[PDB]
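> Sharing an experimental structure here, sequence included.
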Amino acid sequence: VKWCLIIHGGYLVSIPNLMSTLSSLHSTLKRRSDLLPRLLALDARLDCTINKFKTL
Amino acid sequence: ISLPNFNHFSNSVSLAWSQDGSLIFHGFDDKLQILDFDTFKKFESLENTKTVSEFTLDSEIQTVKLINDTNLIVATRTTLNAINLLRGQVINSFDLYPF
Amino acid sequence: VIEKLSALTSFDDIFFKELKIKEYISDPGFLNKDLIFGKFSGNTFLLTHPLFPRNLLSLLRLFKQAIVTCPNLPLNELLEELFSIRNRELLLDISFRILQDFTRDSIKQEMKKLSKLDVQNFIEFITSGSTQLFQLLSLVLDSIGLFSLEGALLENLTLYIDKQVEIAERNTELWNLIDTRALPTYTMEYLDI
Amino acid sequence: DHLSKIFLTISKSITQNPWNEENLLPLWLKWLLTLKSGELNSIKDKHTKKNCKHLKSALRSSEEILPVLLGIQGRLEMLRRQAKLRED
Amino acid sequence: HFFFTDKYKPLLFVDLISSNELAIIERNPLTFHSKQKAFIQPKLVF
Amino acid sequence: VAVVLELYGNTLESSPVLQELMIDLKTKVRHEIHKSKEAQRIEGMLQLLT
């Protein structure tokens, strides 16, 4: 899905309704972007505890 | 959808609706906005008679209530005002601060 | 008060006395309960009126008072004061100002109208020396579009944002890291006397 | 309480230089907050916690800075792909 | 003067093996070798 | 999983068969650090065409 926006990107600027033709990709990338800080926080807690039981 | 993205946030907002469904008043903090219904942009008037879509006011707006399509009563955090819509001149105002 | 402002903190008393001698929710409620005329006549008091209630005039001390507490400012002069490369933290203040005041599409079309030379100057200056700043960089990129951007400057921006996103992921991990039977079968222990 | 003195110095240092590219001082923060976090939480309650909430505000600000950096990273990768397409 | 230690509550046999070394032969009845199933009367912790 | 971790820190260091499951978790919890991190990157270069 990167290369679709890479090669036909001029046509994607030329289309008038980007969000209307592509509400679903915006939705899923926004949902993943929404999950990102919480799972990063989890991963921090995970790394803290796993280094704790590596060192002891 | 009218989607801006403002970096500052304040709960001092409201909106009123003209009874014939053409324009929307929006009470922002220190700012009064006028929205068209067809395109959700500012009220672009081709005559340019200072009935602009961005009005400045003193404090945080708490309510905006139009009694008709003639009179608009906007009550801030500190002051109440009553303006007209056909002409953009203010008529009434009252101090809401000492209470 | 009108006669006072024509012949020339607290409610209206202190400000009026100050004006006559030089000749703020309560101040706003006392001197806003005619305003255009008062502003035209007046143009400290300017600072108070800016904080309370001629955008081109505001464009033309009071500099910071306008870029922090002015109600009406146009984006052309706003990006002129921003793309002035004085950098007295005006980059952060006016970036916060444009993000508070206007829409992403408006900043897109305004920096579409804006020239490319100061775009390259601002990109080089940011890469040399902040969420508002990087949102402004993303705005600069999707305003200049897809064609006209230098390869060496793209490599520089790539290096800059890549090392910064590495250190930002690091900082987030450390931030939430701060946000975080019986005795064996035979042992040797001693007693006290 | 040598390690608490070290924690004071490194916490004030990361509040002073939030965007430093060096790695050994964040690694020292990792080792301290990984092994002896609750011990420090029982050590001090006012000054280290004030400095802690200040540095937490700063690193949370950097957490707000993160996603647009990701966005311009995607943009520069797209621009590199378009540039290779232009050369080829 | 004297002393009595309460760190060894179960004990089968204490003696002197050597010149000074003691033997405290203790027990662990429930947790290791018996493991007979007990009734579930749950304690509400909340 | 964070609540169970903050509850069972040292039973985790006492048991080895859960250690191999956490190392299995770390390699799979990194695809949202790769693929969903790329989901935000495409979200950045999708606004470029807007």
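Done, it's in. Numbers count the residues shown, from 1 in each chain, chains lettered A, B, ... in the order given.

> CA atoms only for stretch A:3-22, dumped as PDB, please.
In PDB, the C-alpha atoms belonging to stretch A:3-22 read as follows (Å, rounded to 0.1, in the frame of the first residue of the first chain):
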ATOM      1  CA  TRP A   3       3.700   1.900  -3.700                       C
ATOM      2  CA  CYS A   4       0.100   2.800  -4.600                       C
ATOM      3  CA  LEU A   5       0.600   6.200  -3.000                       C
ATOM      4  CA  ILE A   6       4.200   6.400  -4.400                       C
ATOM      5  CA  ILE A   7       3.600   5.900  -8.100                       C
ATOM      6  CA  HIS A   8       0.000   7.200  -8.600                       C
ATOM      7  CA  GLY A   9       0.400  10.000  -6.000                       C
ATOM      8  CA  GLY A  10      -0.100  12.700  -8.600                       C
ATOM      9  CA  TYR A  11      -3.500  11.200  -9.500                       C
ATOM     10  CA  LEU A  12      -4.300  10.900  -5.800                       C
ATOM     11  CA  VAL A  13      -3.700  14.700  -5.400                       C
ATOM     12  CA  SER A  14      -5.700  15.200  -8.600                       C
ATOM     13  CA  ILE A  15      -8.700  13.300  -7.200                       C
ATOM     14  CA  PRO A  16     -11.100  15.600  -5.300                       C
ATOM     15  CA  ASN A  17     -12.400  13.200  -2.600                       C
ATOM     16  CA  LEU A  18      -9.500  11.500  -1.000                       C
ATOM     17  CA  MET A  19     -11.000  10.800   2.400                       C
ATOM     18  CA  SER A  20     -14.300   9.900   0.700                       C
ATOM     19  CA  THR A  21     -12.600   7.300  -1.600                       C
ATOM     20  CA  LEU A  22     -10.200   6.100   1.200                       C
END
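
> Name the nearest residue to the closest residue to chain B within chain A, sequence neighbours excluded.
Taking Cβ to the nearest Cβ, chain B has its nearest neighbour within chain A at residue A:19, 8.5 Å off. Every residue, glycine included, has its C-beta placed from N, CA and C. Closest residue to residue A:19 apart from its sequence neighbours, by Cβ to Cβ, 6 or more residues apart in numbering or on different chains: residue A:26 at 6.2 Å.

> Write out the residues of chain E neighbouring chain F.
Counting by Cβ under 8 Å from any Cβ of the partner chain, no residue of chain E lies close to chain F.

> How far away from the center of its chain is the helix or strand containing the residue nearest to residue A:19?
Using DSSP states H and E, residue A:26 sits within helix A:23-55. Counting by Cα atoms, centre = their mean, to the nearest Å, helix A:23-55 is centred 11 Å from the centre of its parent chain.

> With stretch D:28-39 instead?
Relative to where its chain is centred, stretch D:28-39 has its mean C-alpha point 15 Å off (Cα atoms, centre = their mean).

> what about it, near chain F?
No. Counting by Cβ under 8 Å from any Cβ, chain F has no neighbours in stretch D:28-39; the shortest distance is 10.6 Å.

> Residues in contact with that stretch: which ones?
A:48, A:51-52, A:55, C:174, C:177-178, C:180, D:3, D:6-7, D:10, D:14, D:40 (Cβ atoms under 8 Å, 6 or more residues apart in numbering or on different chains).

> again, 6 Å this time
The contact list for stretch D:28-39 (Cβ atoms under 6 Å, 6 or more residues apart in numbering or on different chains) reads A:48, A:51-52, C:174, C:177-178, D:7, D:10.

> Flag every buried residue along stretch E:17-30.
By 16 or more other Cβ atoms under 10 Å in any protein chain shown, stretch E:17-30 has no buried positions at all.

> Kindly report the same for stretch D:4-18.
D:7, D:10-11, D:14.

> Mind exporting the C-alpha coordinates of it to CSV?
Taking C-alpha atoms only, stretch D:4-18 is exported to CSV below (Å, rounded to 0.1, in the frame of the first residue of the first chain):
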residue,chain,number,x,y,z
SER,D,4,20.2,8.4,45.3
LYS,D,5,22.8,11.2,44.8
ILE,D,6,23.5,9.7,41.3
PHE,D,7,19.7,9.7,40.7
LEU,D,8,19.4,13.4,41.7
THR,D,9,22.2,14.3,39.3
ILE,D,10,20.9,12.3,36.3
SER,D,11,17.3,13.4,36.8
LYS,D,12,18.3,17.1,36.8
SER,D,13,20.5,16.3,33.8
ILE,D,14,17.7,14.8,31.8
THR,D,15,15.5,17.8,32.7
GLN,D,16,18.2,20.1,31.5
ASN,D,17,19.1,18.2,28.3
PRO,D,18,15.9,16.4,27.1
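
> For it, what is the distance to the chain centroid?
On Cα atoms, centre = their mean, the centre of stretch D:4-18 falls 12 Å from that of its chain.

> Before I go, just wanted to say thanks for your time.
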